[PDB]
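Chains as they are written, first to last, in the entry's author numbering: chain A, 209 to 260; chain B, 51 to 261; chain C, 51 to 156; chain D, 51 to 103.
We treat Cβ as the ideally placed atom computed from N, Cα and C, and that holds for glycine.
So the structure is just underneath, and the comments pick up after that.
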Amino acid sequence: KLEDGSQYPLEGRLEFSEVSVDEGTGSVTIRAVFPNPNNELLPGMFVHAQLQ
Amino acid sequence: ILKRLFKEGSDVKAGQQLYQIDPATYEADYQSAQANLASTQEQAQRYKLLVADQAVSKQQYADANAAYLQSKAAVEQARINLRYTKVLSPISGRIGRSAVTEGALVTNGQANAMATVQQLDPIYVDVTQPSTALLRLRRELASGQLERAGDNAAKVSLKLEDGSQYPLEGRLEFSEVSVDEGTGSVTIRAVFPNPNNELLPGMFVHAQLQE
Amino acid sequence: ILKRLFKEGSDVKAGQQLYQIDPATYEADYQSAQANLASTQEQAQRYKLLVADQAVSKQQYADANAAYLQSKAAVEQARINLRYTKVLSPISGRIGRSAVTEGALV
Amino acid sequence: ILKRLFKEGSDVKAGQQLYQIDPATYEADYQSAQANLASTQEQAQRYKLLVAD
Numbered sequence: 209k210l211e212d213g214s215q216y217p218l219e220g221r222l223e224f225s226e227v228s229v230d231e232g233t234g235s236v237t238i239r240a241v242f243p244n245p246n247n248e249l250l251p252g253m254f255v256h257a258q259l260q
Numbered sequence: 051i052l053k054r055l056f057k058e059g060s061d062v063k064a065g066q067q068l069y070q071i072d073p074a075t076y077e078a079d080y081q082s083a084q085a086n087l088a089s090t091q092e093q094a095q096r097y098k099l100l101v102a103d104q105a106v107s108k109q110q111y112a113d114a115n116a117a118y119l120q121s122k123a124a125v126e127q128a129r130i131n132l133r134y135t136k137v138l139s140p141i142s143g144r145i146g147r148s149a150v151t152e153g154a155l156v157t158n159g160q161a162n163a164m165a166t167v168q169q170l171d172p173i174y175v176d177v178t179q180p181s182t183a184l185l186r187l188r189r190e191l192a193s194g195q196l197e198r199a200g201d202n203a204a205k206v207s208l209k210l211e212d213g214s215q216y217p218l219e220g221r222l223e224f225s226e227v228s229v230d231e232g233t234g235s236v237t238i239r240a241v242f243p244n245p246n247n248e249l250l251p252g253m254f255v256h257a258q259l260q261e
Numbered sequence: 051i052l053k054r055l056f057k058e059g060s061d062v063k064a065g066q067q068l069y070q071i072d073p074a075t076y077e078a079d080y081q082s083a084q085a086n087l088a089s090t091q092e093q094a095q096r097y098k099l100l101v102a103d104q105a106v107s108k109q110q111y112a113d114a115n116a117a118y119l120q121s122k123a124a125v126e127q128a129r130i131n132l133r134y135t136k137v138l139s140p141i142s143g144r145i146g147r148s149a150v151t152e153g154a155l156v
Numbered sequence: 051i052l053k054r055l056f057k058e059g060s061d062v063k064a065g066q067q068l069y070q071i072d073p074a075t076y077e078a079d080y081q082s083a084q085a086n087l088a089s090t091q092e093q094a095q096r097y098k099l100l101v102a103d
């Protein structure tokens, strides 16, 4: 779901292998991969991954 | 620097000579390399025929062929250096000021440029906008809500800083050229014809989209 | 930099040439090194035969072999430098602005 | 001997060219000597002034 509140039409995979853990916070970062064939998404966008 | 061949702030063509570095010493190396080559070549040719006839040893032919190869090499380097005495314009555009005065000493690999040329006719207008604004606009190009100007571009107008309209009409191209660090904000470019140089780099302006 | 070769904000491929560094001297060094190699090599090969026959000394052969070894080395470095005059994309992806202009020094 | 230019047994005039010796190396030595003179002459003109100040 994009900053504008809109739904990205494509759908990706949320990968559960941890990329980094935080120092103080101890909170983990993981990553989803989304196809981006029109170059609608660019780095630095604020978004929400939606999980059922 | 023998000469500066251009007027500062003028329009220069791609490949036009902007400076003449004093060629005299470079001409001398070249012509001297060619003289050395003409001689060693004629010998190497003679010896190639002699060694075929066994009128000379392999060594003597070898030595003659070696001298010739050295000469060949020396010519080619000298030719290149001579060519470089004419400092040429890489592009068509408005050249600025010379950082160098006639009679100054220039060095291959010196830290500072001597001049800077700027293609001004087609001119850019850099527009920075939040990632979401751009995504919106791109959709309207495909929706047809925005009028196209060629491939992947919207027709645009320009409003100058004095507040007036620019008479000409440009292209707002949708491939991003940078995304900013702090802000998610994206920079794209419009392209406006500038046939008399009313537009200059550094102006603050407003590109205008009819939706 | 002789040429930039890519549009800013466009897609390039891994391995694609993004810039042309002026190759003229590098080309000349390489051609000349290569021709010198052909010549020191035959000389070293020949002296190798000739020492076995005692028609030249070990010192003469040692010198011929040395000059040949230097030519090999000179050729390899000249080749590598010439190769780098073509600045390639490491990956496929979207390229942004050029931070360096044509005519710039790298 | 690049060329003979005359027919054996024939008549010839004083100053008539009878042979051409290959001039390639001679042409290039001459071109090079002119080039060295130009360069070297300008430098001595230049240094004549320099030493003056």
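Using a cut-off of 7 Å between C-beta atoms, extract the partners of residue 58 (chain C) located in chain B.
Here the neighbours are 227.
When the cut-off is 8 Å and only beta carbons count, does residue 75 (chain B) lie next to chain D?
Yes, contact with chain D.
Starting from the beta carbon of residue 242 (chain A), find every residue of chain B whose beta carbon is closer than 7 Å, and list them in chain order.
Neighbours of residue 242 (chain A) on chain B: none; closest Cβ ~14 Å, over 7 Å.
On the three-state DSSP scale, how would you describe residue 121 (chain C)?
Three-state result, residue 121 (chain C): helix.
Under 8 Å Cβ-Cβ, which residues of chain D neighbour residue 82 (chain B)?
Here the neighbours are 82, 85, 86.
Quick check for students: name the residue ranges of the beta strand (DSSP E) that lie wholly in the segment 71-102 of chain C, counting only runs of 3 or more.
Segments of the beta strand (DSSP E) lying fully in the segment 71-102 of chain C: there are none.
Starting from the C-beta of residue 94 (chain C), find all residues in its chain whose C-beta is less than 6 Å away, skip the five residues before and the five after it, and write them out in chain order.
The answer, listed in chain order, is 114, 115, 118.
According to DSSP, is residue 189 (chain B) helix, strand or coil?
If DSSP states are grouped into helix, strand and coil, residue 189 (chain B) belongs with the helices.
Give me the Cβ distance between residue 52 (chain D) and residue 79 (chain D), rounded to the nearest whole Å; I'm assuming they're in contact under 8 Å.
Between residue 79 (chain D) and residue 52 (chain D) the Cβ distance is about 17 Å, and since that is not below 8 Å, they are no contact.
Is it right to say residue 242 (chain B) is buried, meaning 16 or more other beta carbons lie within 10 angstroms of its own, or is it exposed?
Flag for residue 242 (chain B) reads buried.
Mind checking which residues open and close the beta strand (DSSP E) that includes residue 29 (chain B)?
Beyond the ends of chain B as shown, which are 51 and 261, falls residue 29 (chain B); an answer cannot be given.
Can you name, in chain order, every residue of its own chain whose Cβ lies under 7 Å from the Cβ of residue 239 (chain A), other than the five neighbours on each side?
The residues are 223, 227.
Who are the neighbours of residue 92 (chain C) on chain B, taking C-beta pairs under 8 Å?
Per Cβ cutoff of 8 Å: 112.
Tell me the DSSP bridge mates of residue 214 (chain B)?
Its beta-bridge partners do not exist; DSSP assigns none.
Between which residues of its own chain and residue 256 (chain B) is the CB-CB distance below 6 Å, once the five residues before and five after are set aside?
Cβ within range, chain order: 209.
Out of curiosity, what's the CA-to-CA distance linking residue 195 (chain B) and residue 260 (chain B)?
Taking the straight line joining both Cα atoms gives about 9 Å.
How should residue 92 (chain D) be labelled, buried or exposed, when 16 other C-beta atoms within 10 angstroms of its C-beta is the threshold for buried?
Per the 10 Å Cβ criterion, exposed.
Take residue 131 (chain B) and list the residues in its own chain whose beta-carbon comes closer than 8 Å to its own, dropping the five residues that flank it on each side.
Excluding residues within five positions, the ones whose Cβ falls inside 8 Å are 76, 79, 80.
Which chain D residues sit within Cβ distance under 7 Å of residue 163 (chain B)?
Within 7 Å Cβ-Cβ: nothing; residue 163 (chain B) doesn't reach chain D, min ~27 Å.
Is residue 237 (chain A) helix, strand or coil when you go by DSSP?
Three-state result, residue 237 (chain A): strand.
Between which two residues does the beta strand (DSSP E) containing residue 205 (chain B) stretch?
203-209 is the span of the beta strand (DSSP E), which, as asked, contains residue 205 (chain B).
Could you please give the first and the last residue of the uninterrupted beta strand (DSSP E) stretch that includes residue 178 (chain B)?
Element bounds for residue 178 (chain B): 173-179.
Among B:127, B:154, B:83, whose alpha-carbon lies nearest the alpha-carbon of residue 70 (chain B)?
Ranking the options by Cα distance to residue 70 (chain B), first place goes to B:154.
Label residue 249 (chain B) either buried or exposed according to how many other C-beta atoms from any shown protein chain fall within 10 Å of its C-beta, with 16 as the threshold for buried.
Buried: at least 16 other Cβ atoms inside 10 Å.
Starting from the C-beta of residue 87 (chain B), find all residues in its chain whose C-beta is less than 8 Å away, skip the five residues before and the five after it, and write them out in chain order.
The answer, listed in chain order, is 118, 121, 122, 124, 125.
Which residues, taken in chain order from the segment 115-127 of chain B, show a beta carbon closer than 9 Å to some beta carbon of chain C?
Cβ contacts with chain C come from 115, 116, 119, 120, 122, 123, 124, 126, 127.
Quick one: what's got a C-beta closer than 6 Å to residue 101 (chain B)'s C-beta in the same chain, skipping five residues either side?
These residues qualify, in order along the chain: 111.
Can you check whether the C-beta of residue 129 (chain C) is within less than 8 Å of a C-beta belonging to chain E?
Protein chains A, B, C and D are contained in the structure displayed, whereas chain E is not.
Indicate the three-state DSSP secondary structure (helix, strand or coil) for residue 53 (chain D) in the structure shown.
Residue 53 (chain D) falls in the strand class under three-state DSSP.
For a test of the three-state rule: what should DSSP assign to residue 58 (chain C), helix, strand or coil?
Three-state result, residue 58 (chain C): coil.
What do you get for residue 60 (chain D), buried or exposed, if any count of 16 or more other CB atoms within 10 angstroms of its CB means buried?
Exposed is the call here.
Quick check: is the beta carbon of residue 250 (chain A) nearer than 8 Å to any beta carbon in chain B?
Residue 250 (chain A) counts as touching chain B.
Just how far apart, CA to CA, sit residue 220 (chain B) and residue 199 (chain B)?
Distance between the alpha carbons of residue 220 (chain B) and residue 199 (chain B) is about 8 Å.
Report the neighbours of residue 207 (chain B) on chain A: residues whose CB is nearer than 9 Å to its CB, in chain order.
In chain order: nothing, as chain A lies at least about 26 Å away.
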